[PDB]
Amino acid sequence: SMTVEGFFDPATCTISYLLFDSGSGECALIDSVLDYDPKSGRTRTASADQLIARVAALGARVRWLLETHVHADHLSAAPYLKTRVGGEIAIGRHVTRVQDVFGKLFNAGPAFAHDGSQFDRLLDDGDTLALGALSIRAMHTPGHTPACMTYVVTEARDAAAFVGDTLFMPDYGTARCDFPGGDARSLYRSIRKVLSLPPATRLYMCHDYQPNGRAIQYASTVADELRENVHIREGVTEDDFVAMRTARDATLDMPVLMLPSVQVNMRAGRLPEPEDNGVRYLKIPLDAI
């Protein structure tokens, strides 16, 4: 009835998803990657082209291009995909807060809108998106960023939820909360909301880092998380989690692709407009963050 296919990118450890309703052919793509080499400034389309090819092989029609949040670890390929498979690009409405902060950091100037108008749909908690016979509910789950959404898919429970970076596989734990607007106490509460779904609900992760050298994995369940999550299993209190997450964040370095990712993703994945020589430039602020 629902088909979920994950596509793992070794360079950024991101899992992008194809969500398919067999009965209608209607499809959503979630958290796509535009391949980017920060050493050379080169972009490639190999990861997004794999999604396009699978869409075509399934005879699928893409209706939604969903972002769980404004990613700091890879560039989105949403505009590239929209041109080539269709669909509407959607993200949580609090992307506008990210635009305000990062528009300032990158000195984006007056041509860069802070109203989320680069996106087709801005989503509020509880909004639903139709996908053939399925319904996708946008559940606001802030903590890693203030804009994070978890997409809960059911027949219009036997549910699936795309949790973004709100959870990892149980053996890895939880995501950092030191992005601007991030908050560990919020993340704890948003995780408790996700783990309030029925226990057999499948949870699909945005990232996997293969702790202890195990195989790549990116699906868990609400039950397995409550039982085994190394940071936030049943029994862990909010205060204890906040203290752990805050200390753990304090010791982290900046994600390698933070500055390139955020300036692109805050524009719905559009690249900066060309300068007068016809070249587009990412801007890296010195000693500013």
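Residues carry their position along the shown sequence, with the first being 1.
- prompt: What number of deposited residues lacks coordinates in the span between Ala156 and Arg157: none, 1 to 3, 4 to 9, or 10 or more?
  reply: The entry has a gap there, with 4 to 9 residues left out between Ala156 and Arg157.
field: Mean temperature factor over C-alpha atoms, higher-scoring stretch between 71 to 79 and 131 to 139
entry: Averaging CA B-factors over each stretch, the winner is 131 to 139.
- request: Mind pulling up the entry and telling me whether 257 to 265 or 237 to 245 has the higher mean Cα temperature factor?
  value: According to the PDB entry, the answer is 237 to 245.
message: Just to confirm, going by the entry's C-alpha B-factors, which of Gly116, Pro110, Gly103, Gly164 comes out highest?
response: Going by the entry's C-alpha B-factors, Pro110 comes out highest.
- request: In terms of CA temperature factor as recorded, identify the highest of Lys193, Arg185, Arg97, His207.
  value: The listed residue with the largest C-alpha B-factor is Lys193.
- prompt: Once the chain's modelled residues are ordered by C-alpha B factor and cut into thirds, is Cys177 in the lowest, middle or highest one?
  reply: As the PDB entry reports it, the C-alpha B-factor of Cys177 lands in the middle third of its chain.
task: Grab the CA temperature factor for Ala200 from the record and place it in the lowest, middle or highest third of its chain.
output: For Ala200, whose C-alpha B-factor we compare with every modelled residue in the chain, the answer is the highest third.
query: Taking the entry's C-alpha B-factors for this chain, is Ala60 in the lowest, middle or highest third?
result: Its C-alpha B-factor, which the entry lists for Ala60, ranks in the middle third among residues of this chain.
field: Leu66, C-alpha B-factor rank within chain (lowest, middle or highest third)
entry: Within its chain, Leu66 is a lowest-third residue by C-alpha B-factor, going by the deposited values.
message: Could you place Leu286 in the lowest, middle or highest third of its chain by Cα temperature factor, using the values in the record?
response: According to the entry, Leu286 has a C-alpha B-factor in the chain's lowest third.
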